[PDB]
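# kindly return the folded structure for what I paste below:
(chains A and B)
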Amino acid sequence: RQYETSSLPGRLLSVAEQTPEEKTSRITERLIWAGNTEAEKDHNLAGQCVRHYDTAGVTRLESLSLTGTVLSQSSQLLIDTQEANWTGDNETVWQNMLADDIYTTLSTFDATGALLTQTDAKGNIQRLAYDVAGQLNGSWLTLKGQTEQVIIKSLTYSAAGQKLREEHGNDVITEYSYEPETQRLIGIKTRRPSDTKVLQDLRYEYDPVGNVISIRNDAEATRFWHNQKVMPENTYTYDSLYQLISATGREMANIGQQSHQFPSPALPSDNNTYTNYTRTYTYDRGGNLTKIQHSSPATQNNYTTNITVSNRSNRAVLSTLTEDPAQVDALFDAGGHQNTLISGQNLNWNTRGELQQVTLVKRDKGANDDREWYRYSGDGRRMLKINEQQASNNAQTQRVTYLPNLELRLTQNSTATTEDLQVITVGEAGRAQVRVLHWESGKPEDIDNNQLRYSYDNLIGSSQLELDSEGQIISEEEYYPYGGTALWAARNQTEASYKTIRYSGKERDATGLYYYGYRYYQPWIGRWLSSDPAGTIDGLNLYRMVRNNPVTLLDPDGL
Amino acid sequence: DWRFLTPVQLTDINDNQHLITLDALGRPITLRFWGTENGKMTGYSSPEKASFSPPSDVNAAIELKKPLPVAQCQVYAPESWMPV
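Numbers count the residues shown, from 1 in each chain, chains lettered A, B, ... in the order given. Sure, structure below:
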């Protein structure tokens, strides 16, 4: 690293790096800092980094508030074929490494600093209201060129500051029941006042520590259930170390074996049924899950996941990459990153330990391998997701750009753009997030524009019920405790295709791999894709799933 | 505030003033701040234009009206324990 000289405060100016194969370092980060000039005083920028060059592109700070927050920020991505190498001293040059596509977001805050208004990079505007307690009490969204919609009509909180009542713009009301002795959620009730129909009615039974030992759902089975009405409890068994040992729940009869490929949703016209299953988990002395035993007698699904655990590390893979504990480490690189996800799908880790690329289909020296690749910003945030199909007559590219409160889904076929969809997010995933699907191009024939998706989340933030603007069901999904799909159904496969928030509020990527900020997760194993950074984990197993207890994400204060 | 030798008016790096009012015995009573955000001034009105009289009683303080030109106005009742 390069820091400012002694005549200056000593702030960071640049970051350079070199791999063993290289002769020289490359500049991957560079910070242009504000001084104390009048313009900076006017925009409250003095002393701040204002032009941040990183691995994804360039982030530009234009204005700060009297409270120290961001009022105006803009950015550009790197050209896909141009690596960050911000050498020399001339921004004229650095600009040529970038796309000319600049995004800007704008904001308004109150004296406290609560967010009141947010304009995204396409001009869509979120408006937030707060109550006398400073809590969020409602929310609105105006699309560019449209009227203002109410997304949240009302919020009520309990004495503990916990959400007590939620009323959505689609007239769906969710009541939250907290156990007053413990101040923890004991149940969720989701209903439509239009026809007094309860869509969800959950109860969480706990042991003395707070592990959920049973989840009941008193709601009736819905429209996708062929002559079925009543669901069993999701019973959970824990050992003395509070590892999950066994669990029950429902699954689609035709769900099949769990793997990385996401199943087709059942449609209401299919007349499919769901089965009752139990799944058992076996762990070794280091907390590694070594075996998962499935049992669903209705179809006699007795699928077993066998995990080979290294005898010299806590690294492990499925038996399909190797059976030998002495060979398991050969599948990992020096930093503990996994070299291959599933046989044939190679993993390219970058210089920061981030996953640069996933090979999806291995081909000959003519056709290219199908692949997915990424760009992350200088905070480790994923900014760009590129899905490249190489089929000569189907070489579709799905380009997804992530912006604050905005996801841009650009899809092109091998010749030209087929779809241009803006997804506007209101709220956090796992926290009653509502999305709007706005198309500028390629809107499907059976989809209305400006479509709303209301996510009704479970105990840990997984999205189980998705409703539309009329309070109707779009989709329904249940998960295996570790994030696999147990059950999936939807009103319209076309609509089904757009749900990306699935488990604990996280995005399920195309490969089945889940993205969690700084790391990726494999639900078919129950382990993290790569080792966590030392010092961020207090236990010794850097691949361990959240305390082998995914049922209850007992991470107070976010930890 | 030279009666206490405590800072009361702070000039930020940016065009931003942060001021407090102390009472006798030096307890903070009011907070105001103001300055520019985008080349133009916003924030709380300065005290030389927007005067303010803090409430006396606590029960009185509870019933204030909306146009209150101050942040974190403090009211103290350190003597509430004595019978009166």
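# ok, longest strand in chain B?
In chain B, taking DSSP state E as the definition, the longest strand is strand B:28-36.
# once you drop chain neighbours, what's closest to residue A:339?
residue A:331 (5.4 Å; Cβ to Cβ, 6 or more residues apart in numbering or on different chains). All C-beta spots, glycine's among them, are computed from the backbone N, C-alpha and C.
# from residue A:319, how far off is the one you found?
Plainly put, residue A:331 is 12 Å away from residue A:319 if you go by Cβ to Cβ, to the nearest Å.
# how many neighbours does residue A:235 have?
Residues within reach of residue A:235, counting by other Cβ atoms under 10 Å in any protein chain shown, total 16.
# and it, what element?
With the criterion set as DSSP states H and E, the secondary-structure element containing residue A:235 is strand A:234-238.
# and for whichever helix or strand comes after that strand, what's in contact with it?
With elements assigned by DSSP H and E, the helix or strand that comes after strand A:234-238 is strand A:244-252. Contact partners of strand A:244-252, identified using Cβ atoms under 8 Å, 6 or more residues apart in numbering or on different chains, comprise A:231-239, A:263, A:266, A:272, A:274-281, A:296, A:478, A:480-481, A:486-489, A:548-551.
# could you tell me the angle between the strand holding residue A:235 and strand A:244-252?
For strand A:234-238 and strand A:244-252, the angle between their directions (axes from the mean of the first three to the mean of the last three Cα atoms, to 10 degrees) works out to 160 degrees.
# elements contacting strand A:234-238?
In this structure, strand A:234-238 makes packing contacts with strand A:212-217, strand A:244-252, judged by 3 or more Cβ pairs under 8 Å, 6 or more residues apart in numbering or on different chains; DSSP states H and E.
# please enumerate the strands of chain B.
So, for chain B - with DSSP E - the strands run B:9-11, B:16-22, B:28-36, B:41-43.
# I'd like a version of the ones you listed in TSV, one that adds distance to residue A:305 as further columns.
Converted to TSV, those look like this (distance: least, Cβ to Cβ, whole Å):
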stretch	distance to residue A:305
strand B:9-11	62
strand B:16-22	59
strand B:28-36	59
strand B:41-43	59
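# out of those, which is closest to residue A:129?
Of all the strands of chain B, strand B:41-43 sits nearest to residue A:129, with 20.2 Å by Cβ to Cβ.
# and the closest one, what does it pack against?
Partner elements for strand B:41-43 (3+ Cβ pairs under 8 Å, 6+ apart): strand B:28-36.
# can you give me the buried ones in the strand it packs on?
If you call a residue buried by 16 or more other Cβ atoms under 10 Å in any protein chain shown, then strand B:28-36 has these buried ones: B:29-36.
# what about chain A: which of the residues you listed touch it?
By Cβ under 8 Å from any Cβ of the partner chain, the members of the buried residues of strand B:28-36 lying near chain A are B:33-36.
# so what's the residue nearest to residue A:339 up against?
The contact partners of residue A:331, by Cβ under 8 Å, 6+ apart, come to A:315, A:317, A:321-322, A:338-340.
# make CSV out of these and add neighbour count.
As requested, these are exported to CSV (neighbours: other Cβ atoms under 10 Å in any protein chain shown):
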residue, neighbour count
A:315, 23
A:317, 25
A:321, 18
A:322, 18
A:338, 23
A:339, 14
A:340, 15
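# of those, closest to chain B?
The nearest member of those to chain B, counting by Cβ to the nearest Cβ, is residue A:338 at 46.9 Å.
# isn't that closest one right up against residue A:528?
No - with the criterion set as Cβ atoms under 8 Å, residue A:338 and residue A:528 do not qualify as a contacting pair; they are 9.2 Å apart.
# check the gap between the closest residue to chain B within the stretch 401-550 of chain A and residue A:148 for me.
When Cβ to the nearest Cβ is the measure, the stretch 401-550 of chain A has its nearest residue to chain B at residue A:404, with 19.2 Å between them. Applying Cβ to Cβ, the value for residue A:404 to residue A:148 is 20 Å.
# compare neighbour counts for these two and give me the winner.
residue A:404 (14 against 11).
# leaving out chain neighbours, which residue sits closest to that one?
Leaving out its chain neighbours, the residue that sits closest to residue A:404 by Cβ to Cβ, 6+ apart is residue A:105, at 5.6 Å.
# tell me how many other residues crowd residue A:159.
When counting by other Cβ under 10 Å, one arrives at 9 neighbours for residue A:159.
# keeping just the C-alphas, turn the one helix or strand residue A:164 maps to into CSV.
With secondary structure defined by DSSP H and E, residue A:164 is part of strand A:163-168. Listed in CSV are the C-alpha atoms of strand A:163-168, where the atom choice follows Å, rounded to 0.1, in the frame of the first residue of the first chain:
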residue,chain,number,x,y,z
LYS,A,163,-42.3,-5.3,14.3
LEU,A,164,-45.8,-6.1,15.7
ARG,A,165,-48.2,-5.4,12.8
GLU,A,166,-47.5,-5.1,9.1
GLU,A,167,-50.1,-3.8,6.5
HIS,A,168,-49.1,-4.1,2.9
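# chain A contacts on chain B?
For chain B, the contact set with chain A under Cβ under 8 Å from any Cβ comprises B:13-16, B:33-39, B:42-44, B:71.
# mind redoing it with 6 Å?
Contact residues (Cβ under 6 Å from any Cβ of the partner chain) of chain B with chain A: B:13-16, B:35-39, B:43, B:71.
# which two in those residues are spaced the farthest apart?
Maximum pairwise distance among these (Cβ to Cβ): 23.3 Å, between B:39 and B:71.
# the two - which one has more neighbours?
Set residue B:39 next to residue B:71 and count neighbours by other Cβ under 10 Å: residue B:71 wins out with 15 against 12.
# let me see the contact set for the more buried one.
Residue B:71 makes contact with A:111, B:31, according to Cβ atoms under 6 Å, 6 or more residues apart in numbering or on different chains.
# who does it form a beta bridge with?
On the basis of DSSP bridges, residue B:71 takes part in beta bridges with residue B:31.
# so which residues make contact with stretch A:284-293?
Contacts for stretch A:284-293 (Cβ under 6 Å, 6+ apart): A:280-283, A:304-305, A:307, A:309, A:314, A:316, A:526, A:541, A:544, A:548.
# rerun at 10 Å
For stretch A:284-293, the surrounding residues in contact (Cβ atoms under 10 Å, 6 or more residues apart in numbering or on different chains) are A:241, A:243-244, A:246, A:258, A:278-283, A:302-310, A:313-316, A:480-482, A:484, A:524-527, A:539-541, A:543-545, A:547-548.
# filter those down to the ones in strands?
Of the positions in those, A:244, A:246, A:278-283, A:304-309, A:316, A:527 sit in strands, assigned by DSSP E.
# may I ask which of those residues has the most neighbours?
Each of the ones in strands among the contacts of stretch A:284-293 was scored by neighbours using other Cβ under 10 Å; the highest score is residue A:316's, at 27 neighbours.
# nearest spatial neighbour of that residue, chain-adjacent residues omitted?
If you skip the residues right next to it in sequence, residue A:316 has residue A:309 as its closest partner in space, 4.1 Å away by Cβ to Cβ, 6+ apart.
# number of nearby residues for residue A:5?
Residue A:5: 9 neighbours (other Cβ under 10 Å).
# what's near enough to touch it?
The neighbours of residue A:5, taking Cβ under 10 Å, 6+ apart as the test, are residue A:13.
# related to what we said a few turns ago, which of the helices and strands packed on strand A:234-238 has the highest mean neighbour count?
For those, the stretch with the most neighbours on average is strand A:244-252, a mean of 21; neighbours defined as mean count of other Cβ atoms under 10 Å in any protein chain shown.
# now that one, how far from the centre of its chain.
On the basis of Cα atoms, centre = their mean, to the nearest Å, the separation between the geometric centre of strand A:244-252 and that of its chain is 23 Å.
# parallel or antiparallel, list what pairs with that strand.
When pairing is defined by DSSP bridges, strand A:244-252 lines up against strand A:234-238 (antiparallel), strand A:274-283 (antiparallel).
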